[PDB]
$ cat coords33.pdb   # PDB, C-alpha atoms and all ligand atoms
MODEL        1
ATOM      1  CA  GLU Z   3     -24.308  -7.635   1.890  1.00  0.00           C
ATOM      2  CA  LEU Z   4     -21.625  -5.530   0.106  1.00  0.00           C
ATOM      3  CA  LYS Z   5     -18.984  -7.376  -1.937  1.00  0.00           C
ATOM      4  CA  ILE Z   6     -15.789  -5.746  -0.557  1.00  0.00           C
ATOM      5  CA  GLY Z   7     -12.610  -6.541  -2.523  1.00  0.00           C
ATOM      6  CA  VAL Z   8      -9.599  -7.134  -0.197  1.00  0.00           C
ATOM      7  CA  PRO Z   9      -6.020  -7.418  -1.574  1.00  0.00           C
ATOM      8  CA  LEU Z  10      -4.673 -10.988  -1.102  1.00  0.00           C
ATOM      9  CA  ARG Z  11      -1.205  -9.901   0.166  1.00  0.00           C
ATOM     10  CA  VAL Z  12       1.767 -12.360   0.059  1.00  0.00           C
ATOM     11  CA  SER Z  13       4.094 -10.066   2.097  1.00  0.00           C
ATOM     12  CA  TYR Z  14       3.787  -7.396   4.878  1.00  0.00           C
ATOM     13  CA  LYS Z  15       0.604  -9.223   6.058  1.00  0.00           C
ATOM     14  CA  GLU Z  16       0.426  -6.846   9.121  1.00  0.00           C
ATOM     15  CA  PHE Z  17      -1.648  -4.516   6.813  1.00  0.00           C
ATOM     16  CA  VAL Z  18      -4.146  -7.216   5.492  1.00  0.00           C
ATOM     17  CA  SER Z  19      -3.962 -11.072   5.348  1.00  0.00           C
ATOM     18  CA  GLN Z  20      -6.361 -13.906   4.517  1.00  0.00           C
ATOM     19  CA  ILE Z  21      -6.933 -16.301   7.484  1.00  0.00           C
ATOM     20  CA  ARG Z  22      -5.455 -19.822   6.886  1.00  0.00           C
ATOM     21  CA  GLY Z  23      -8.319 -22.315   6.356  1.00  0.00           C
ATOM     22  CA  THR Z  24     -10.646 -19.599   4.792  1.00  0.00           C
ATOM     23  CA  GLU Z  25     -11.284 -17.724   1.459  1.00  0.00           C
ATOM     24  CA  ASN Z  26     -13.202 -14.708   2.877  1.00  0.00           C
ATOM     25  CA  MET Z  27     -11.731 -14.217   6.391  1.00  0.00           C
ATOM     26  CA  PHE Z  28      -9.111 -11.418   6.847  1.00  0.00           C
ATOM     27  CA  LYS Z  29      -7.140  -9.716   9.660  1.00  0.00           C
ATOM     28  CA  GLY Z  30      -4.746  -6.710   9.944  1.00  0.00           C
ATOM     29  CA  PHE Z  31      -4.464  -2.915  10.471  1.00  0.00           C
ATOM     30  CA  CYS Z  32      -6.626  -2.020   7.403  1.00  0.00           C
ATOM     31  CA  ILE Z  33      -9.352  -4.518   8.548  1.00  0.00           C
ATOM     32  CA  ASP Z  34      -9.318  -3.177  12.169  1.00  0.00           C
ATOM     33  CA  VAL Z  35      -9.594   0.450  10.874  1.00  0.00           C
ATOM     34  CA  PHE Z  36     -12.558  -0.502   8.612  1.00  0.00           C
ATOM     35  CA  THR Z  37     -14.289  -2.429  11.474  1.00  0.00           C
ATOM     36  CA  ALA Z  38     -13.689   0.490  13.903  1.00  0.00           C
ATOM     37  CA  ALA Z  39     -15.045   3.046  11.351  1.00  0.00           C
ATOM     38  CA  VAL Z  40     -18.193   1.026  10.403  1.00  0.00           C
ATOM     39  CA  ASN Z  41     -19.097   0.682  14.115  1.00  0.00           C
ATOM     40  CA  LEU Z  42     -19.473   4.536  14.345  1.00  0.00           C
ATOM     41  CA  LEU Z  43     -22.018   4.659  11.420  1.00  0.00           C
ATOM     42  CA  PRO Z  44     -25.790   5.040  12.088  1.00  0.00           C
ATOM     43  CA  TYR Z  45     -26.555   1.976   9.830  1.00  0.00           C
ATOM     44  CA  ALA Z  46     -25.434  -1.707   9.619  1.00  0.00           C
ATOM     45  CA  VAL Z  47     -22.916  -2.648   6.866  1.00  0.00           C
ATOM     46  CA  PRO Z  48     -23.001  -6.449   6.341  1.00  0.00           C
ATOM     47  CA  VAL Z  49     -19.936  -7.351   4.172  1.00  0.00           C
ATOM     48  CA  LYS Z  50     -18.389 -10.205   2.239  1.00  0.00           C
ATOM     49  CA  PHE Z  51     -14.550  -9.782   2.029  1.00  0.00           C
ATOM     50  CA  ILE Z  52     -13.579 -11.068  -1.514  1.00  0.00           C
ATOM     51  CA  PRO Z  53      -9.832 -11.740  -2.058  1.00  0.00           C
ATOM     52  CA  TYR Z  54      -8.345  -9.903  -5.117  1.00  0.00           C
ATOM     53  CA  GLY Z  55      -5.050 -11.500  -6.370  1.00  0.00           C
ATOM     54  CA  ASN Z  56      -3.546 -14.843  -7.562  1.00  0.00           C
ATOM     55  CA  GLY Z  57      -2.181 -15.875  -4.101  1.00  0.00           C
ATOM     56  CA  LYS Z  58       1.423 -15.861  -5.522  1.00  0.00           C
ATOM     57  CA  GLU Z  59       2.095 -12.113  -6.003  1.00  0.00           C
ATOM     58  CA  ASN Z  60       0.540  -8.930  -4.494  1.00  0.00           C
ATOM     59  CA  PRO Z  61      -2.151  -7.676  -6.951  1.00  0.00           C
ATOM     60  CA  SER Z  62      -2.187  -4.467  -8.992  1.00  0.00           C
ATOM     61  CA  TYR Z  63      -4.017  -2.170  -6.456  1.00  0.00           C
ATOM     62  CA  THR Z  64      -5.110   0.078  -9.387  1.00  0.00           C
ATOM     63  CA  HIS Z  65      -6.745  -3.029 -11.043  1.00  0.00           C
ATOM     64  CA  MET Z  66      -8.363  -4.000  -7.683  1.00  0.00           C
ATOM     65  CA  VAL Z  67     -10.038  -0.514  -7.473  1.00  0.00           C
ATOM     66  CA  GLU Z  68     -11.153  -0.712 -11.208  1.00  0.00           C
ATOM     67  CA  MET Z  69     -13.335  -3.808 -10.256  1.00  0.00           C
ATOM     68  CA  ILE Z  70     -15.493  -1.210  -8.345  1.00  0.00           C
ATOM     69  CA  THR Z  71     -16.264   0.630 -11.677  1.00  0.00           C
ATOM     70  CA  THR Z  72     -17.378  -2.729 -13.267  1.00  0.00           C
ATOM     71  CA  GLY Z  73     -19.726  -3.410 -10.295  1.00  0.00           C
ATOM     72  CA  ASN Z  74     -17.763  -6.609  -9.357  1.00  0.00           C
ATOM     73  CA  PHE Z  75     -16.877  -4.910  -5.969  1.00  0.00           C
ATOM     74  CA  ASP Z  76     -19.214  -2.624  -3.904  1.00  0.00           C
ATOM     75  CA  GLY Z  77     -15.980  -1.181  -2.441  1.00  0.00           C
ATOM     76  CA  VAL Z  78     -12.328  -2.053  -1.598  1.00  0.00           C
ATOM     77  CA  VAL Z  79     -10.705  -2.298   1.904  1.00  0.00           C
ATOM     78  CA  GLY Z  80      -6.891  -2.430   2.291  1.00  0.00           C
ATOM     79  CA  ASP Z  81      -3.582  -0.478   2.106  1.00  0.00           C
ATOM     80  CA  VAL Z  82      -4.810   1.526  -0.982  1.00  0.00           C
ATOM     81  CA  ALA Z  83      -2.833   4.737  -1.710  1.00  0.00           C
ATOM     82  CA  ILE Z  84      -5.144   7.671  -2.671  1.00  0.00           C
ATOM     83  CA  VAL Z  85      -3.397   8.543  -6.019  1.00  0.00           C
ATOM     84  CA  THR Z  86      -4.765  10.622  -8.929  1.00  0.00           C
ATOM     85  CA  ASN Z  87      -5.442   7.898 -11.609  1.00  0.00           C
ATOM     86  CA  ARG Z  88      -7.443   5.985  -8.894  1.00  0.00           C
ATOM     87  CA  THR Z  89      -9.359   9.130  -7.683  1.00  0.00           C
ATOM     88  CA  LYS Z  90     -10.571   9.635 -11.376  1.00  0.00           C
ATOM     89  CA  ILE Z  91     -12.550   6.314 -11.314  1.00  0.00           C
ATOM     90  CA  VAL Z  92     -13.646   5.841  -7.600  1.00  0.00           C
ATOM     91  CA  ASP Z  93     -14.390   7.851  -4.379  1.00  0.00           C
ATOM     92  CA  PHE Z  94     -11.825   7.365  -1.550  1.00  0.00           C
ATOM     93  CA  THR Z  95     -12.435   8.104   2.166  1.00  0.00           C
ATOM     94  CA  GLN Z  96     -10.361  10.610   4.097  1.00  0.00           C
ATOM     95  CA  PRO Z  97      -6.999   8.922   4.639  1.00  0.00           C
ATOM     96  CA  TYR Z  98      -6.788   6.550   7.667  1.00  0.00           C
ATOM     97  CA  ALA Z  99      -2.946   6.201   7.298  1.00  0.00           C
ATOM     98  CA  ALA Z 100      -0.135   8.592   6.240  1.00  0.00           C
ATOM     99  CA  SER Z 101       2.126   7.260   3.437  1.00  0.00           C
ATOM    100  CA  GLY Z 102       4.388   8.196   0.514  1.00  0.00           C
ATOM    101  CA  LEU Z 103       7.491   7.089  -1.351  1.00  0.00           C
ATOM    102  CA  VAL Z 104      11.005   6.825   0.129  1.00  0.00           C
ATOM    103  CA  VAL Z 105      14.342   5.566  -1.387  1.00  0.00           C
ATOM    104  CA  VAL Z 106      15.732   2.426   0.413  1.00  0.00           C
ATOM    105  CA  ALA Z 107      19.444   1.608  -0.185  1.00  0.00           C
ATOM    106  CA  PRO Z 108      22.515   0.070   1.540  1.00  0.00           C
ATOM    107  CA  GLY Z 109      24.271   1.884   4.459  1.00  0.00           C
ATOM    108  CA  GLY Z 110      27.220   3.185   2.363  1.00  0.00           C
ATOM    109  CA  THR Z 111      25.273   3.917  -0.902  1.00  0.00           C
ATOM    110  CA  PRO Z 112      26.520   6.927  -2.969  1.00  0.00           C
ATOM    111  CA  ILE Z 113      22.776   7.805  -3.606  1.00  0.00           C
ATOM    112  CA  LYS Z 114      21.685  11.080  -1.848  1.00  0.00           C
ATOM    113  CA  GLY Z 115      17.962  10.530  -2.652  1.00  0.00           C
ATOM    114  CA  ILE Z 116      15.374  10.316  -5.494  1.00  0.00           C
ATOM    115  CA  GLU Z 117      17.116  13.131  -7.542  1.00  0.00           C
ATOM    116  CA  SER Z 118      20.535  11.314  -7.490  1.00  0.00           C
ATOM    117  CA  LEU Z 119      18.962   7.832  -7.946  1.00  0.00           C
ATOM    118  CA  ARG Z 120      17.378   9.477 -11.081  1.00  0.00           C
ATOM    119  CA  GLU Z 121      20.560  10.198 -13.204  1.00  0.00           C
ATOM    120  CA  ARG Z 122      22.116   6.735 -12.344  1.00  0.00           C
ATOM    121  CA  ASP Z 123      22.446   3.847 -14.907  1.00  0.00           C
ATOM    122  CA  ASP Z 124      21.394   1.034 -12.513  1.00  0.00           C
ATOM    123  CA  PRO Z 125      18.240  -0.943 -11.608  1.00  0.00           C
ATOM    124  CA  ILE Z 126      15.633   0.462  -9.129  1.00  0.00           C
ATOM    125  CA  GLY Z 127      13.344  -1.951  -7.204  1.00  0.00           C
ATOM    126  CA  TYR Z 128       9.594  -1.381  -6.648  1.00  0.00           C
ATOM    127  CA  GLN Z 129       6.885  -3.470  -4.894  1.00  0.00           C
ATOM    128  CA  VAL Z 130       4.773  -5.879  -6.999  1.00  0.00           C
ATOM    129  CA  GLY Z 131       1.370  -4.253  -7.742  1.00  0.00           C
ATOM    130  CA  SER Z 132       2.329  -0.738  -6.512  1.00  0.00           C
ATOM    131  CA  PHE Z 133       1.605   2.643  -8.174  1.00  0.00           C
ATOM    132  CA  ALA Z 134       5.388   3.180  -7.568  1.00  0.00           C
ATOM    133  CA  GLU Z 135       6.140   1.680 -11.064  1.00  0.00           C
ATOM    134  CA  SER Z 136       4.037   4.335 -12.984  1.00  0.00           C
ATOM    135  CA  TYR Z 137       5.406   7.066 -10.656  1.00  0.00           C
ATOM    136  CA  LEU Z 138       9.045   6.144 -11.543  1.00  0.00           C
ATOM    137  CA  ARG Z 139       8.047   6.072 -15.273  1.00  0.00           C
ATOM    138  CA  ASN Z 140       5.621   9.098 -15.433  1.00  0.00           C
ATOM    139  CA  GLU Z 141       7.189  11.459 -12.853  1.00  0.00           C
ATOM    140  CA  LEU Z 142      10.961  10.671 -13.150  1.00  0.00           C
ATOM    141  CA  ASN Z 143      11.152   9.199 -16.791  1.00  0.00           C
ATOM    142  CA  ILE Z 144      13.123   6.125 -15.472  1.00  0.00           C
ATOM    143  CA  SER Z 145      13.452   3.509 -18.264  1.00  0.00           C
ATOM    144  CA  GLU Z 146      11.331   0.310 -17.782  1.00  0.00           C
ATOM    145  CA  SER Z 147      14.651  -1.570 -18.546  1.00  0.00           C
ATOM    146  CA  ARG Z 148      15.902  -0.328 -15.091  1.00  0.00           C
ATOM    147  CA  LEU Z 149      12.702  -1.087 -13.069  1.00  0.00           C
ATOM    148  CA  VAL Z 150      12.663  -4.453 -11.139  1.00  0.00           C
ATOM    149  CA  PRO Z 151       9.480  -5.677  -9.367  1.00  0.00           C
ATOM    150  CA  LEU Z 152      10.112  -7.238  -5.883  1.00  0.00           C
ATOM    151  CA  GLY Z 153       7.334  -9.179  -4.096  1.00  0.00           C
ATOM    152  CA  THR Z 154       8.675  -9.803  -0.515  1.00  0.00           C
ATOM    153  CA  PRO Z 155      10.977  -8.240   2.147  1.00  0.00           C
ATOM    154  CA  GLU Z 156      13.258 -11.309   1.486  1.00  0.00           C
ATOM    155  CA  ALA Z 157      13.360 -10.316  -2.250  1.00  0.00           C
ATOM    156  CA  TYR Z 158      14.042  -6.629  -1.249  1.00  0.00           C
ATOM    157  CA  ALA Z 159      17.012  -7.752   0.912  1.00  0.00           C
ATOM    158  CA  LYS Z 160      18.518 -10.180  -1.672  1.00  0.00           C
ATOM    159  CA  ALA Z 161      18.203  -7.482  -4.423  1.00  0.00           C
ATOM    160  CA  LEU Z 162      19.912  -4.727  -2.313  1.00  0.00           C
ATOM    161  CA  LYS Z 163      22.602  -7.177  -1.041  1.00  0.00           C
ATOM    162  CA  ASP Z 164      23.398  -8.459  -4.600  1.00  0.00           C
ATOM    163  CA  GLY Z 165      23.466  -4.884  -6.119  1.00  0.00           C
ATOM    164  CA  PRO Z 166      23.389  -4.088  -9.892  1.00  0.00           C
ATOM    165  CA  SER Z 167      26.610  -6.194 -10.383  1.00  0.00           C
ATOM    166  CA  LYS Z 168      24.768  -9.463  -9.464  1.00  0.00           C
ATOM    167  CA  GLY Z 169      21.238  -8.983 -10.926  1.00  0.00           C
ATOM    168  CA  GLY Z 170      19.968  -6.873  -7.975  1.00  0.00           C
ATOM    169  CA  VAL Z 171      19.174  -3.136  -7.530  1.00  0.00           C
ATOM    170  CA  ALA Z 172      21.021   0.061  -6.397  1.00  0.00           C
ATOM    171  CA  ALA Z 173      17.889   1.026  -4.419  1.00  0.00           C
ATOM    172  CA  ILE Z 174      14.140   0.354  -3.880  1.00  0.00           C
ATOM    173  CA  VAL Z 175      11.355   2.997  -4.077  1.00  0.00           C
ATOM    174  CA  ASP Z 176       8.358   1.970  -1.901  1.00  0.00           C
ATOM    175  CA  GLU Z 177       5.941   3.654   0.542  1.00  0.00           C
ATOM    176  CA  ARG Z 178       7.236   4.342   4.083  1.00  0.00           C
ATOM    177  CA  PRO Z 179       4.886   1.858   5.902  1.00  0.00           C
ATOM    178  CA  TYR Z 180       6.251  -1.279   4.086  1.00  0.00           C
ATOM    179  CA  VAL Z 181       9.827   0.178   4.314  1.00  0.00           C
ATOM    180  CA  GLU Z 182       9.640   0.571   8.166  1.00  0.00           C
ATOM    181  CA  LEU Z 183       8.508  -3.123   8.468  1.00  0.00           C
ATOM    182  CA  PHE Z 184      11.366  -4.073   6.049  1.00  0.00           C
ATOM    183  CA  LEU Z 185      14.196  -2.190   7.926  1.00  0.00           C
ATOM    184  CA  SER Z 186      12.864  -3.570  11.306  1.00  0.00           C
ATOM    185  CA  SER Z 187      13.848  -7.109  10.030  1.00  0.00           C
ATOM    186  CA  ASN Z 188      16.751  -5.980   7.766  1.00  0.00           C
ATOM    187  CA  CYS Z 189      18.719  -3.376   9.798  1.00  0.00           C
ATOM    188  CA  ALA Z 190      21.609  -3.206   7.217  1.00  0.00           C
ATOM    189  CA  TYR Z 191      19.475  -0.904   4.923  1.00  0.00           C
ATOM    190  CA  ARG Z 192      18.373   2.746   5.345  1.00  0.00           C
ATOM    191  CA  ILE Z 193      15.923   5.295   3.907  1.00  0.00           C
ATOM    192  CA  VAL Z 194      18.072   7.853   1.951  1.00  0.00           C
ATOM    193  CA  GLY Z 195      16.752  11.467   1.739  1.00  0.00           C
ATOM    194  CA  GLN Z 196      13.192  12.782   2.316  1.00  0.00           C
ATOM    195  CA  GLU Z 197       9.764  11.206   1.734  1.00  0.00           C
ATOM    196  CA  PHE Z 198       9.060  12.779  -1.747  1.00  0.00           C
ATOM    197  CA  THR Z 199       5.333  11.841  -1.999  1.00  0.00           C
ATOM    198  CA  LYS Z 200       2.514  12.145   0.606  1.00  0.00           C
ATOM    199  CA  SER Z 201      -0.644  10.208  -0.606  1.00  0.00           C
ATOM    200  CA  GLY Z 202      -2.217   8.347   2.370  1.00  0.00           C
ATOM    201  CA  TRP Z 203      -4.308   5.126   2.389  1.00  0.00           C
ATOM    202  CA  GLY Z 204      -8.092   5.238   1.863  1.00  0.00           C
ATOM    203  CA  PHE Z 205     -11.135   2.940   1.496  1.00  0.00           C
ATOM    204  CA  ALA Z 206     -12.522   3.083  -2.097  1.00  0.00           C
ATOM    205  CA  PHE Z 207     -16.251   3.047  -3.088  1.00  0.00           C
ATOM    206  CA  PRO Z 208     -18.218   3.861  -6.275  1.00  0.00           C
ATOM    207  CA  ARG Z 209     -18.184   7.550  -7.386  1.00  0.00           C
ATOM    208  CA  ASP Z 210     -20.853   9.516  -5.376  1.00  0.00           C
ATOM    209  CA  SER Z 211     -21.038   6.625  -2.731  1.00  0.00           C
ATOM    210  CA  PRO Z 212     -22.614   7.914   0.537  1.00  0.00           C
ATOM    211  CA  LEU Z 213     -20.543   5.158   2.338  1.00  0.00           C
ATOM    212  CA  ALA Z 214     -17.209   6.914   1.383  1.00  0.00           C
ATOM    213  CA  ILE Z 215     -18.485  10.252   2.974  1.00  0.00           C
ATOM    214  CA  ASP Z 216     -20.037   8.523   6.093  1.00  0.00           C
ATOM    215  CA  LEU Z 217     -16.821   6.438   6.575  1.00  0.00           C
ATOM    216  CA  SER Z 218     -14.654   9.649   6.185  1.00  0.00           C
ATOM    217  CA  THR Z 219     -16.481  11.275   9.186  1.00  0.00           C
ATOM    218  CA  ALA Z 220     -15.979   7.991  11.160  1.00  0.00           C
ATOM    219  CA  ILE Z 221     -12.188   8.004  10.273  1.00  0.00           C
ATOM    220  CA  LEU Z 222     -11.918  11.734  11.374  1.00  0.00           C
ATOM    221  CA  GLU Z 223     -13.615  10.531  14.664  1.00  0.00           C
ATOM    222  CA  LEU Z 224     -10.958   7.744  15.108  1.00  0.00           C
ATOM    223  CA  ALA Z 225      -8.054  10.181  14.370  1.00  0.00           C
ATOM    224  CA  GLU Z 226      -9.333  13.030  16.639  1.00  0.00           C
ATOM    225  CA  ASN Z 227      -9.730  10.560  19.622  1.00  0.00           C
ATOM    226  CA  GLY Z 228      -6.251   8.932  19.188  1.00  0.00           C
ATOM    227  CA  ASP Z 229      -7.780   5.469  18.324  1.00  0.00           C
ATOM    228  CA  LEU Z 230      -6.380   5.457  14.756  1.00  0.00           C
ATOM    229  CA  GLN Z 231      -2.838   5.834  16.240  1.00  0.00           C
ATOM    230  CA  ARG Z 232      -3.766   3.122  18.844  1.00  0.00           C
ATOM    231  CA  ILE Z 233      -4.820   0.693  16.039  1.00  0.00           C
ATOM    232  CA  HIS Z 234      -1.692   1.580  13.950  1.00  0.00           C
ATOM    233  CA  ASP Z 235       0.547   0.953  17.013  1.00  0.00           C
ATOM    234  CA  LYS Z 236      -1.048  -2.413  17.918  1.00  0.00           C
ATOM    235  CA  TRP Z 237      -0.268  -3.780  14.330  1.00  0.00           C
ATOM    236  CA  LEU Z 238       2.869  -1.715  13.523  1.00  0.00           C
ATOM    237  CA  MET Z 239       5.572  -0.972  16.178  1.00  0.00           C
ATOM    238  CA  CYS Z 243      16.897  -0.925  14.842  1.00  0.00           C
TER
HETATM  239  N1  LIG J   1      -0.094   0.377  -1.337  1.00  0.00           N
HETATM  240  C1  LIG J   1       0.358   0.014  -2.740  1.00  0.00           C
HETATM  241  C2  LIG J   1       0.269  -1.500  -2.956  1.00  0.00           C
HETATM  242  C3  LIG J   1       1.454  -2.293  -2.399  1.00  0.00           C
HETATM  243  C4  LIG J   1       1.769  -3.566  -3.182  1.00  0.00           C
HETATM  244  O1  LIG J   1       2.343  -3.441  -4.320  1.00  0.00           O
HETATM  245  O2  LIG J   1       1.419  -4.671  -2.685  1.00  0.00           O
HETATM  246  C5  LIG J   1      -0.517   0.787  -3.736  1.00  0.00           C
HETATM  247  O3  LIG J   1      -1.466   1.474  -3.327  1.00  0.00           O
HETATM  248  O4  LIG J   1      -0.309   0.782  -4.943  1.00  0.00           O
HETATM  249 NA    NA J   2      -8.011  -7.643  12.280  1.00  0.00          NA
HETATM  250 NA    NA J   3     -27.136   3.337   3.582  1.00  0.00          NA
ENDMDL
END

$ encode --input "coords33.pdb" --output "structure tokens"
Amino acid sequence: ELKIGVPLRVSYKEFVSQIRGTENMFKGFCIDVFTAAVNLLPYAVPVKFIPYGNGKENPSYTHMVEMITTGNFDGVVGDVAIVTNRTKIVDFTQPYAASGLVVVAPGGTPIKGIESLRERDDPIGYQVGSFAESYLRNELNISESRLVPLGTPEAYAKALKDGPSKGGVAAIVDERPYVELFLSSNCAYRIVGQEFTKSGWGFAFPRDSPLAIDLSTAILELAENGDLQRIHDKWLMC
């Protein structure tokens, strides 16, 4: 059986969540996609889903993927963004889900988008465990003093409501999929400006894994048939 790392998510469980009363039993969009894709392969793939994370906060997804390079995981299934530092250590599938960063802010915010958020003095929120932190630092040179990690949609909402004046944020940078789920439950907030990154979600396997190439064909089969959108819509639908 393959040891498949799964992120032990504390928020936005629609993507992946551990089943109550179990360590190794998971449900969600990412798990349905995987299950769908494996069923199109010419060979059996017996798995053990191993939770990665402390159960209190969403894990570092980069660190989850690194456990492939150490041989602790045979691969990783979840909402894993196919970003460059990750692609240098493991082999991702074709993307099964479109993603990328947006700016989330209050209705009347003076922020026009990422460029305006940039030159500001104020805190920016990001999601616990996300690449979004290194992107803000490496790509936009935002001071670490300004970057606030936020673990839950409830923490997102409190931080935006409070604002910089009360130990909150002026805005949150997070990938569109989580943000759509957030705004669905928190209709006071908006995306400001354009999606300014475009990395999708992939399944991660060891470099030169045949399973990453076989699963890519299977994912292209799900997308071409409309099933990928069907799976997306059954888990994700102001
Ligand atoms: N999809 C995010 C992880 C989200 C989270 O922080 O839980 C990533 O690939 O980095
Ligand atoms: Na499921
Ligand atoms: Na094989």

$ residues_near_ligand --input "coords33.pdb" --ligand "ligand LIG 1 (chain J)" --cutoff "6 Å" --atoms "only C-alpha atoms and all ligand atoms" --output "ChimeraX atom specification"
/Z:60,63,81-83,129-133

$ residues_near_ligand --input "coords33.pdb" --ligand "ligand NA 2 (chain J)" --cutoff "7 Å" --atoms "only C-alpha atoms and all ligand atoms" --output "list in words"
residues 28, 29, 30, 31, 33 and 34 of chain Z

$ residues_around --input "coords33.pdb" --residues "segment 116-124 of chain Z" --least-positions-apart "5" --cutoff "7 Å" --atoms "only C-alpha atoms" --output "list in words"
residues 105, 142, 144, 148, 166, 171 and 172 of chain Z

$ resolve_selection --input "coords33.pdb" --expression "the PyMOL selection byres (((not hetatm)) within 8 of (chain J and resi 3))" --output "ChimeraX atom specification"
/Z:45,212-213

$ atom_distance --input "coords33.pdb" --atom1 "atom CA of residue 127 of chain Z" --atom2 "atom CA of residue 150 of chain Z"
4.7 Å

$ closest_residue --input "coords33.pdb" --among "Z:218, Z:101, Z:74, Z:199" --to "residue 179 of chain Z" --atoms "all atoms listed in the file"
Z:101

$ closest_residue --input "coords33.pdb" --among "Z:35, Z:67, Z:40, Z:84" --to "residue 217 of chain Z" --atoms "all atoms listed in the file"
Z:40

$ closest_residue --input "coords33.pdb" --among "Z:136, Z:106, Z:214, Z:112" --to "residue 176 of chain Z" --atoms "only C-alpha atoms"
Z:106

$ atom_distance --input "coords33.pdb" --atom1 "atom CA of residue 16 of chain Z" --atom2 "atom CA of residue 203 of chain Z"
14.5 Å

$ resolve_selection --input "coords33.pdb" --expression "the PyMOL selection byres (((chain Z and resi 107) around 9) and not hetatm)" --output "JSON, numbers by chain"
{"Z": [105, 106, 108, 109, 110, 111, 113, 162, 171, 172, 173, 174, 191, 192, 193, 194]}

$ atom_distance --input "coords33.pdb" --atom1 "atom CA of residue 230 of chain Z" --atom2 "atom CA of residue 39 of chain Z"
9.6 Å

$ build_atoms --input "coords33.pdb" --residues "segment 63-79 of chain Z" --atoms "N, CA and C atoms" --output "PDB file, in the coordinates of the input"
ATOM      1  N   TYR Z  63      -3.049  -2.943  -7.287  1.00  0.00           N
ATOM      2  CA  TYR Z  63      -4.017  -2.170  -6.456  1.00  0.00           C
ATOM      3  C   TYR Z  63      -4.880  -1.245  -7.335  1.00  0.00           C
ATOM      4  N   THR Z  64      -4.322  -0.710  -8.415  1.00  0.00           N
ATOM      5  CA  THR Z  64      -5.110   0.078  -9.387  1.00  0.00           C
ATOM      6  C   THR Z  64      -6.183  -0.847  -9.971  1.00  0.00           C
ATOM      7  N   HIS Z  65      -5.807  -2.050 -10.414  1.00  0.00           N
ATOM      8  CA  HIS Z  65      -6.745  -3.029 -11.043  1.00  0.00           C
ATOM      9  C   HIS Z  65      -7.794  -3.466 -10.016  1.00  0.00           C
ATOM     10  N   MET Z  66      -7.408  -3.632  -8.755  1.00  0.00           N
ATOM     11  CA  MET Z  66      -8.363  -4.000  -7.683  1.00  0.00           C
ATOM     12  C   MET Z  66      -9.510  -2.974  -7.616  1.00  0.00           C
ATOM     13  N   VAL Z  67      -9.139  -1.694  -7.597  1.00  0.00           N
ATOM     14  CA  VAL Z  67     -10.038  -0.514  -7.473  1.00  0.00           C
ATOM     15  C   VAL Z  67     -10.945  -0.413  -8.719  1.00  0.00           C
ATOM     16  N   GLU Z  68     -10.414  -0.699  -9.916  1.00  0.00           N
ATOM     17  CA  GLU Z  68     -11.153  -0.712 -11.208  1.00  0.00           C
ATOM     18  C   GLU Z  68     -12.353  -1.670 -11.166  1.00  0.00           C
ATOM     19  N   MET Z  69     -12.257  -2.783 -10.425  1.00  0.00           N
ATOM     20  CA  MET Z  69     -13.335  -3.808 -10.256  1.00  0.00           C
ATOM     21  C   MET Z  69     -14.535  -3.193  -9.509  1.00  0.00           C
ATOM     22  N   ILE Z  70     -14.362  -2.015  -8.900  1.00  0.00           N
ATOM     23  CA  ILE Z  70     -15.493  -1.210  -8.345  1.00  0.00           C
ATOM     24  C   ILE Z  70     -16.300  -0.648  -9.527  1.00  0.00           C
ATOM     25  N   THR Z  71     -15.623  -0.100 -10.546  1.00  0.00           N
ATOM     26  CA  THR Z  71     -16.264   0.630 -11.677  1.00  0.00           C
ATOM     27  C   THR Z  71     -17.107  -0.364 -12.482  1.00  0.00           C
ATOM     28  N   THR Z  72     -16.689  -1.628 -12.537  1.00  0.00           N
ATOM     29  CA  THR Z  72     -17.378  -2.729 -13.267  1.00  0.00           C
ATOM     30  C   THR Z  72     -18.525  -3.313 -12.442  1.00  0.00           C
ATOM     31  N   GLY Z  73     -18.672  -2.898 -11.185  1.00  0.00           N
ATOM     32  CA  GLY Z  73     -19.726  -3.410 -10.295  1.00  0.00           C
ATOM     33  C   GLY Z  73     -19.385  -4.774  -9.713  1.00  0.00           C
ATOM     34  N   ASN Z  74     -18.172  -5.296  -9.933  1.00  0.00           N
ATOM     35  CA  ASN Z  74     -17.763  -6.609  -9.357  1.00  0.00           C
ATOM     36  C   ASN Z  74     -17.554  -6.434  -7.843  1.00  0.00           C
ATOM     37  N   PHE Z  75     -17.031  -5.283  -7.405  1.00  0.00           N
ATOM     38  CA  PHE Z  75     -16.877  -4.910  -5.969  1.00  0.00           C
ATOM     39  C   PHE Z  75     -17.787  -3.719  -5.636  1.00  0.00           C
ATOM     40  N   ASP Z  76     -18.404  -3.744  -4.446  1.00  0.00           N
ATOM     41  CA  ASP Z  76     -19.214  -2.624  -3.904  1.00  0.00           C
ATOM     42  C   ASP Z  76     -18.262  -1.618  -3.252  1.00  0.00           C
ATOM     43  N   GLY Z  77     -17.066  -2.052  -2.927  1.00  0.00           N
ATOM     44  CA  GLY Z  77     -15.980  -1.181  -2.441  1.00  0.00           C
ATOM     45  C   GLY Z  77     -14.746  -2.018  -2.203  1.00  0.00           C
ATOM     46  N   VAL Z  78     -13.640  -1.390  -1.804  1.00  0.00           N
ATOM     47  CA  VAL Z  78     -12.328  -2.053  -1.598  1.00  0.00           C
ATOM     48  C   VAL Z  78     -11.734  -1.593  -0.265  1.00  0.00           C
ATOM     49  N   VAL Z  79     -11.372  -2.556   0.595  1.00  0.00           N
ATOM     50  CA  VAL Z  79     -10.705  -2.298   1.904  1.00  0.00           C
ATOM     51  C   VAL Z  79      -9.300  -2.920   1.877  1.00  0.00           C
TER      52      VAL Z  79
END
